[PDB]
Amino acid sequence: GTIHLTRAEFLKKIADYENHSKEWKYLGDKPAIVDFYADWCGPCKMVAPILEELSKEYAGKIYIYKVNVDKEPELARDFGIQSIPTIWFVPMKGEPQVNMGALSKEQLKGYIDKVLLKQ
């Protein structure tokens, strides 16, 4: 005849349907920096050229990404950006490490070496 179904049975016979929160999973082929900045940020203008030269010095070893929070408000909001700049250090495996505020080249190199490249 027809088959009566509890929710517990539904999960086994129909679909294990709950939309469980997704675990962080990096998709890039090299570790990365992700720099959340804005045009009106003072420090960022000094940091900007530092990131360009770091992207050359570590070329082939890392990516350095930039996100303009004004142009990408959904992304910025979803990641709770408050301090400008907010800099993410994203290793191939593990949770991103987050720094709020500006950093010197040597501070950046420190994070690149220890966090991105696992020295």
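All residue numbers refer to positions in the sequence shown, first residue = 1.
Problem - 16 to 24 or 94 to 102, whichever carries the higher mean Cα B-factor - result: Stretch with the greater average CA B-factor: 94 to 102.
Exercise for the section: Compare the mean C-alpha B-factor of 109 to 117 with that of 4 to 12 as given in the PDB entry, and name the stretch with the higher value. Expected result: Result: 109 to 117.
Exercise for the section: Sort 60, 80, 73, 31 by C-alpha B-factor from the entry and give me just the highest. Expected result: Answer, based on the entry's C-alpha B-factors: 60.
Handout entry: Selection from 67, 64, 47, 84 [criterion: highest C-alpha temperature factor in the record]
Key = Highest CA B-factor of the listed options: 47.
Handout entry: Assigned third (lowest, middle, highest) for the C-alpha B factor of residue 37
Key = Within its chain, residue 37 is a middle-third residue by C-alpha B-factor, going by the deposited values.
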